Every structure is written in C-alpha cells, then in structure tokens.
Peer 1: 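Could you have a look at this structure, given as structure tokens, before my questions?
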There are 4 protein chains.
Amino acid sequence: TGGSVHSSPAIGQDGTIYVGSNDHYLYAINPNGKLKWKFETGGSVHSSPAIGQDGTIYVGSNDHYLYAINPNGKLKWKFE
Amino acid sequence: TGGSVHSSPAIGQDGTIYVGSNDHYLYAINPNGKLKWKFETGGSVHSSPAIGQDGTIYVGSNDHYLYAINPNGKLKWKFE
Amino acid sequence: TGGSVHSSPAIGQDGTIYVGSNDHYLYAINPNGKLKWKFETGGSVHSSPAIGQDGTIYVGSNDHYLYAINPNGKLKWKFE
Amino acid sequence: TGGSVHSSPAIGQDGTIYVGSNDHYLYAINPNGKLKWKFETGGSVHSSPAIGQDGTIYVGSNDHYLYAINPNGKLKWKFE
Ligand SMILES: [Co+2]
Ligand SMILES: [Co+2]
Ligand SMILES: [Co+2]
Ligand SMILES: [Co+2]
Ligand SMILES: [Co+2]
Ligand SMILES: [Co+2]
Ligand SMILES: [Co+2]
Ligand SMILES: [Co+2]
C-alpha cells in the first residue's frame, strides 16, 4: 500500500481480504495477493473493517466518516 | 461523525453497525446508513465495540471507563 | 479503570467481558458491571484480548510481552 | 517480544496464538507459551492478524505492506 497498514484485515466469505491503509484507501485483496479494488476515503483508514451478512464492508476513516462499501468497491453510503 | 473514526465497527444480529468516534460518542447506525442512536462518553471512543449474547454493546473510552450500553442506546453500566 | 480504555473488549463463553487499560491492567468484568478480577502487566494494555478454546485470555502489553491469563485471573505464561 | 505488543492476538484452529510486535515481527506462539516461529517485516506490526479458511495469516505492517504468511512461518505474498 502507500502507507502504514495500521488497520486489521477482515476476511470475506470468499476469502477476499479487506484492510485499510494510512494512504487513505480501503483495499480488497484476492487470496492470491492481487488487488481486487481499492476505495479512497479522505484520511487514514486506521479502523479495521467489518463485513455484514450481505457482504457490505464497513470501516471508519480519520476523515470522520463511517463508510459502507459494496463488495464491488462502490460506495454504498457514508455517515458523518 | 464529529471526529476520526478510529474505532472498528461491530455488527449486530439485526445488521446494526456500532462504532466509536473521537468525538466521544458510540454510534449505532442502521444498515441503510441512518442513525439509530448515539451515546456520549467523556472522551474519544478509540476502543472497538463488542456485542454480548443479549445484545449489550461494550466499548471502552479514553475517559477511563468500560461502557455497557443497551441496544436502545441507554446506559446499562460503566466501570472505572 | 485507572486510564484510557484503548483496548477492545472480548466476551467469554459465560458473558465475562475482558479488556485492557492504559493503567497497565487486564480487566475481567462480570455482565452485571462488577469486577471479577484484574491482572497487572508492566505497561499499557493497548492490545485487545482474545479467548482460546479452553478459556485462556491472551493479550499483549506495551511492556513487550504477550500474556496468557487463566480464567481465574492468574498468570498462565508470558512471552517476551 | 522485542517491543510493545500493540497488535491484538488471533487464535488458530489448533490453538496457535498469532500477534504482531513493534519489534517488526509477527509471532506464532504455541498454547504452551513456546515460540513456533516469528516472521520479520520492515516495521512495527500494529495491525492485528486475521486467519483465512486455509490457515493463512494476514497482517499489516507499518512498512506499508499487507502480509500473507503460511502456517509454517514462510512468506506467501506481500501487497504494497
Ligand atoms: Co511509511
Ligand atoms: Co493522510
Ligand atoms: Co478531524
Ligand atoms: Co475529545
Ligand atoms: Co486519562
Ligand atoms: Co504507564
Ligand atoms: Co518498550
Ligand atoms: Co521500528
């Protein structure tokens, strides 16, 4: 990643690994080590992601928001 | 939220997302991104919440307390 | 507690809540909010506890050790 | 360990305890408190490890990488 990986990884139902970085992104990494997608927030993603029953990925950011990200890497919503 | 979301979200049995904020609050957010409730502690909620078998939400605060919050957002107890 | 509760709580099989504090202790709190026991390490317990299959509670400390604590609050071992 | 254990332990299917240290290593500790192996990254391992379905251990490092480590302590891959 572009900065410290302070965030703790979460593992999806299909093995996808999700983790934040101080480079401001939430990363979705395939089990083979190849990027699935990254999603840019406005600040360090120190928070560790959680995965909902429908696969939504939730994570906080130092930009003050809680993010809900769809499994395909598109924003679902953010809460300030 | 009002400050960095350092805390890592927890997901309840009904999909509710709980997370602390450096704005001093524990947040309960519905899966649709709308606030269910927030609970104010005396300092940053860096700690990440855990959910008990009866749904109680437990989280630490930089105000020195461990909080137990009922699912409706009312204080159950705090331990110094 | 005596200092910031940075650590994230873990919940045991019987509902006991375990959490570290920057006051250097690992706390075991009953679901009713009353202390079961506390265990003193040599520095802040920022690490969040994990519970093994036999109930052992594991947590790191800023004193450089990983601690294994028995369910009764007595040290099992520490690893430097 | 050689430095603060900020990381939060993860427990494997066989009881192995995995945790990072600010000494830059990911540690695998047997339930008896004896080292199984340690793996050196390039910076503090503040991130808390997660365990995949095949036992792979994933953890971030302040060296900017997400690491995937095999259960025997050998690198599987790292993602920058
Ligand atoms: Co750096
Ligand atoms: Co930045
Ligand atoms: Co801010
Ligand atoms: Co404040
Ligand atoms: Co204080
Ligand atoms: Co101290
Ligand atoms: Co030290
Ligand atoms: Co260093």
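Counting starts at 1 for both ligands and their atoms, in listed order. Computed over heavy atoms, backbone and side chain alike; hydrogens, waters and symmetry mates excluded. Proteins come first, then strands; the chains are lettered A, B, ... in the order of their sequence lines, and each starts at number 1.
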Peer 1: Is A/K78 positioned over the aromatic face of A/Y65, cation under 6.0 angstrom from the ring centre and no more than 45 degrees off axis?
Peer 2: yes

Peer 1: Start with the C-alpha gap between D/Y27 and C/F79, add the side-chain angles, then the distance that decides, and say whether ring pair (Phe, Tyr, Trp, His ring centres under 6.0 Å) holds.
Peer 2: CA-CA 10 Å; D/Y27 284 86; C/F79 178 93; 5.6 Å; yes

Peer 1: Any non-hydrogen side-chain atom of C/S7 less than 4.5 Å from a side-chain atom of C/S21?
Peer 2: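 C/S7 vs C/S21: side chains apart.
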
Peer 1: Is B/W77 linked to B/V59 within one hydrophobic cluster, defined over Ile, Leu, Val, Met, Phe, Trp and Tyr using a side-chain heavy-atom separation of less than 4.5 Å?
Peer 2: no

Peer 1: With under 30° as parallel and over 60° as perpendicular, where do the rings of A/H6 and A/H46 fit, or are they tilted in between?
Peer 2: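 A/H6 vs A/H46 ring planes: perpendicular.
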
Peer 1: Taking only protein atoms, how many N, O or S atoms are found under 2.8 Å from the Co ion (ligand 7)?
Peer 2: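 With waters ignored, the protein N/O/S count below 2.8 Å is 1.
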
Peer 1: Would you give the length of the straight line joining atom CD1 of C/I57 to atom OG1 of C/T16, rounded to the nearest 0.5 angstrom?
Peer 2: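 Rounded to the nearest 0.5 Å, the CD1-OG1 separation comes out at 8.0 Å.
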
